[PDB]
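All remarks here apply to the structure that follows.
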DNA sequence: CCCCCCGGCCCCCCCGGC
Ligand SMILES: Nc1ncnc2c1ncn2[C@@H]1O[C@H](COP(=O)(O)OP(=O)(O)OP(O)(O)=S)[C@@H](O)[C@H]1O
Ligand SMILES: Nc1ncnc2c1ncn2[C@@H]1O[C@H](COP(=O)(O)OP(=O)(O)OP(O)(O)=S)[C@@H](O)[C@H]1O
Ligand SMILES: Nc1ncnc2c1ncn2[C@@H]1O[C@H](COP(=O)(O)OP(=O)(O)OP(O)(O)=S)[C@@H](O)[C@H]1O
Ligand SMILES: Nc1ncnc2c1ncn2[C@@H]1O[C@H](COP(=O)(O)OP(=O)(O)O)[C@@H](O)[C@H]1O
Ligand SMILES: [Mg+2]
Ligand SMILES: [Mg+2]
Ligand SMILES: [Mg+2]
């Protein structure tokens, strides 16, 4: 049935179990939500930013926020192209991901958000204070992927129409967000859960799911391998239980994603052989990874941090590798074709290592 | 609704006047004074000048307390003027230092009122008084004949050359597919004086004009049955249509001979 | 005053092939064609202001005589030359019945044919072939590569080269003798130097100098025609010390009103053609100039950016 | 538009006659000689912003025709549509038709022609030539690289230089007389220094200064007023900052920079430009110093143009200057 | 169903403090006197020039222009006299050539007797192009002659954050106004007034710390103050807000973690630095704040020589420039720390 | 009352340095 990562997700602020200070701050924000400013939640991926945003929305409006529906909205470009945007909406809030339309995301800000903001709330949404709600929440997922034009278009909308809409933007890093937008939002840091908290959550899941654990050390190993990613930890616990007949032993191996294995193989290939033929072969692996929806930035990060973990490399090699990684990460951020920058980075690393 | 109030008993008159020269100019300054409304406008290419005059005798009622200037885009004015019907009285209304002009279409029999407002534009242009000129040749002919001649010759070429000599007027066109020449002579019919071709020639005249401008000028034939053409070798050609009270004049610059 | 003096470029425009200077072999071939006739389809290409349109018109006149009015169809960039025009007007002209001297044919002149669309050029292909017995086509262009290969295959090629200083001096002296212009040798040398092989520019500069100063000497000539900025940029890029390059930039370009974008574009163009410098060094200089140009296009058109570009160029050569 | 006194000073003082255009004596004299003798050629006016090209051509048109010049000249600019279709129809009929009012020649003024498409410029080539007997063309430009070589070959070029000091001083004196204002000598020097040869900047800054004075009648504009209204660093501030950077330690230099910038809220870019101007006159022993200074300061200016952290940028400026000046010893 | 419409005052009373305390008149602007005085003198001079407002975020440009328009035309005549276009509206060359030009050419709206008796009512309209730095160069060039030809009835205001993005002709045509950064020395009064009107109780120096953390942005300071007030009210303990709470809410790294990072850098071991940074990024600290704190610590430390500071300044500048382009924070921070450790 | 003609939005494809 539903995966344990989704079956046991908290649906309230009182159901949270890690980062109690963040829970207290969110509860303080929800005490008097009428003057709630725009929110920007930033933190490591897979820590529970979306879960906490949904919990805050539930506290402000009630459980009805969890009754979700999906619709489709049409848009027309200057070239007469027709684009479709999938909108997830509830009786109290609207969720959008403008980056789905790429460079056309600006239109989503210009038309859909403008239309929503230029409409006041007339439905009698009685609140805890006894008076009806006056604004509708908008969740912009993956705000870091928005183009600078869309962010610029977002500037005046949040100010002129602040009485009808309040924006909650969830991001993993604030570097791509332009300063004017960051100035208009309340920034909320979302630290990743500690290993002990992850182990507690996994043990609770095990107890509820009737899983035979030989020891509690397996949960600690799973938490340590997740690097603070709770979603990955839960999905790996589920994966490790379906390969051992729902019984986990102390010798159960940790399962890594296939793309991680491919990247480690590429790292070993680069380390062992430094040649033009090796670069040509690595180009095929890079193209293969990029053709299966593996982002280039993730590939670069994983390759850089796997090369730095090789025990046969000296300090100078690692310093050169990290410098080249920074330079080519900037190039990727300022470029279009990622394969070019990745191949350049691999060639420079091969040159430095040899 | 006090300063300027002018009533056309029939709204078709003003619409027809605008129809005559809306395709030649876009921005027009109408100056309304105690003696009526006067306007001039030069086209984008500075080749054609349109001068419209409407006297107080063409209005059922007219009251202009002080001189006023109204800058209007003829496209919007024409759009507004095609809303009223031919059986409604049309009132132009303006106030002191106005920013907009009010058009009132009234149907007393049905007790129906229509109000439109057109925003005025700040157009900086001076009323360039057209000094009177002694033209070498002056002719008058039915508007329909001139319109047909212009339409016929426009197909064969983009330029039409007019010759005025002793007791003969010639329109000539020469293009790629062929050439055409229409010759007319002075003539008067006592039974039907409206079809008479009248000519007064002091010196022979030979002037070439663009067909595109003549095709736009002939659109004023719906305001009068006869058209007057005054031509001179050292002055723009004047095409005049006489209204009941005022007039509509087109000054067209001849093409350089070379 | 409401009167205009006719420019000497028009008052003294050649009317016969014998009055055209430069490209002696091509002009002789044109005269031979005008003599025998049987004019073939031709495309005349060259740099601006060397006598292409003049040559085409002179040939058409010398070939058709009193029939020029009916036997010539001239179209240029200022006239509509779409596919519809080619399929209706040019076709009608080609199919027109016109009795001409024994060995003469109708002429369709397409000036500045390089600006035509590919559709019109494709449409002209069969029109030229089916009516070659009565009509011939003469194209005049600056970039022959913009004419589709099928059209080039059906036409002869006449490429015009730069006019030598001797031809420019000859024509300028003829005009001076026909205008009683007082001149000095250095003035004519300066006029030729600034003309850079362009007869139209030379004649215009001479007329402007005569009308503005009277005496055609070096001083007056340079008061009308400013020193070519590409040469100043070349001097700036070839300077030995960084201080000299910065002085050239500040005194000769920046304080004279030249824009930063113009300076960087001229620097790129000059560097691309600096054969004296090795190709690799020119490539590095081009990379630096491109970085500076990208910075300028983003809005930072400051003198500091140009100074930094010069410093980087000097560092490359050290 | 009630009165000319309601207009901005940049538009109120627009020259109406060729005698009111200052700092372009050569061009004005040449064009006047051409017009008087009836030998006006096709003209190109190339120059930087605010030098008097549009004003000069408008004055020339008014002199040739008179008060009704607007109805006798075809003026087009970037704000209007100037595609190939407009060239083929509007300009072509204007050039091939006689004047309605007088019997003189016709003038077409294509201002900001650098914004015109290549197709329109190519189409204008034969229009300029065929109708040269009765039509003349004027092309105004700020960037010559946007003009096709064919169009340039058909026009005689005139370069508008940055306004000299004397012309700016004379115009300032005229404005002071008109406005009943008093300007100090050092104030005039500072105003001219910050103008960079642009008259519009001078007029705007003077208008701002007048609004700053509590009593414009009995008060005089001093250098302090000019520096405060524009929010620009004073020469003393630049000298002190450079001296602290060049002779004091890191802590003292940082404190001095922050104190100087916080007293009047100075901008880092202005300080960098002033320090670059000051250092341009320095006699350095090694070219490496100049190369490092120029490259690092250009990089810092480019980074500032995109925002960034101001404190880090100031520290970078200090460190770059200190490191560059270390090459003057060995 | 339907809800009864709210009053303007009631609606404003429940808005975020940034919108609630937006300046209403030109006198409420805090630290822009050098330009506010010039703008105020135009209410009597009636010769407002073309304006180009530029400055860092949260300095009061939009507030200043809105207050100026409201004072010039009043609540009723403002709508017909103002045309506002921002980054959320289409602003191509076609729009400039048709919409902006058509509005500029229109005759000024006729003032009413009440407006003439109570407000200056200058004889021109205003076009406000907010975020003008986002417009293309061709569109900006299309405005050059429109600005000058119709200046008699129309005035232009261009508001931008990056002045370099405005083409030189437009900047020359516009009188330039630079909005200065709002720090603890020029904006303390406004923040104190806001806190007093909101009954916010804080210890001495809390407002100064908030303004220092804001780094020139008053909007950020007001938002942080509102967050602190909300937290204090939720706790309901009656105690004063403290600087540590403000730093925690602002995302400032604790000083102890900064000292640990400095010690790791001093050690110089690559593996230990990598491990510590991997653990550090799990807390979600923003790289920009870490870089700023490292700059503050190193540049103002007397235990370092001149060459070390010269090199670290350039290293920090390069890292900040790279981060400003939207790059991965982990890699850049690790590279910066490794480079510093090898100085 | 209805057919033919022919100007006017809409649409879609192709360049873009010199
Ligand atoms: N070879 C030449 N001999 C004499 N005069 C010449 C010659 N070439 C050009 N000229 C003069 O320059 C004027 C312009 O020359 P054209 O041939 O019409 O221009 P062009 O060579 O067609 O340049 P493009 O490519 O059309 S812009 C002529 O009218 C002559 O006055
Ligand atoms: N030579 C000058 N003498 C006096 N005032 C001048 C002069 N040049 C410019 N000005 C002033 O600056 C204003 C603008 O001058 P313009 O000639 O329109 O600018 P410009 O030279 O056209 O700059 P561009 O190229 O259009 S950006 C004029 O109205 C004068 O007030
Ligand atoms: N000078 C100031 N005086 C008083 N409050 C100010 C000032 N500057 C900013 N604020 C506050 O910050 C809020 C936002 O100010 P804005 O003027 O909209 O920001 P901004 O200057 O436009 O920044 P950008 O350029 O649009 S990102 C206002 O509503 C005020 O609450
Ligand atoms: N407080 C919590 N208690 C239990 N599980 C949680 C908690 N917070 C997050 N999770 C789990 O972590 C997973 C990933 O969280 P997610 O909402 O993706 O965080 P982010 O939005 O930062 O990626 C979710 O599937 C959820 O089940
Ligand atoms: Mg030609
Ligand atoms: Mg100009
Ligand atoms: Mg703003």
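Numbers in chain D come straight from Swiss-Prot, and the residues shown are 7-336, in order.
The deposited model was determined using electron microscopy, 2.4 Å.
The backbone N, Cα and C atoms fix where each Cβ goes, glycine too.
Under the three-state DSSP scheme, residue D:148 (ATP binding site) falls in the coil class. Here Swiss-Prot flags D:16-20, D:28, D:53-61, D:148, D:206 as ATP binding site.
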Residues from the binding-site residues D:53, D:56, D:59 that lie close to chain A, Cβ under 8 Å, in sequence order: none
Members of the binding-site residues set D:19, D:53, D:148 whose C-beta sits under 8 angstroms from chain C: D:53, D:148
Helix, strand or coil at residue D:56 (ATP binding site) [DSSP, three-state]: coil
Of all listed binding-site residues, namely D:19, D:53, D:59, those lying near chain E with CB under 8 A: none
Spatial neighbours, same chain, of residue D:59 (ATP binding site) - Cβ under 8 Å, 6+ residues apart: D:51, D:53, D:146, D:166
List of residues, in chain order, with Cβ under 8 A from that of residue D:56 (ATP binding site) and at least 6 apart: D:204, D:205, D:206, D:207
Coarse DSSP state, helix versus strand versus coil, of residue D:16 (ATP binding site): helix
Other CB atoms, at most 10 A from the CB of residue D:16 (ATP binding site): 24
Residues that sit under 8 angstroms from residue D:148 (ATP binding site) by C-beta distance, when 6+ apart in the chain: D:52, D:53, D:54, D:55, D:118, D:120
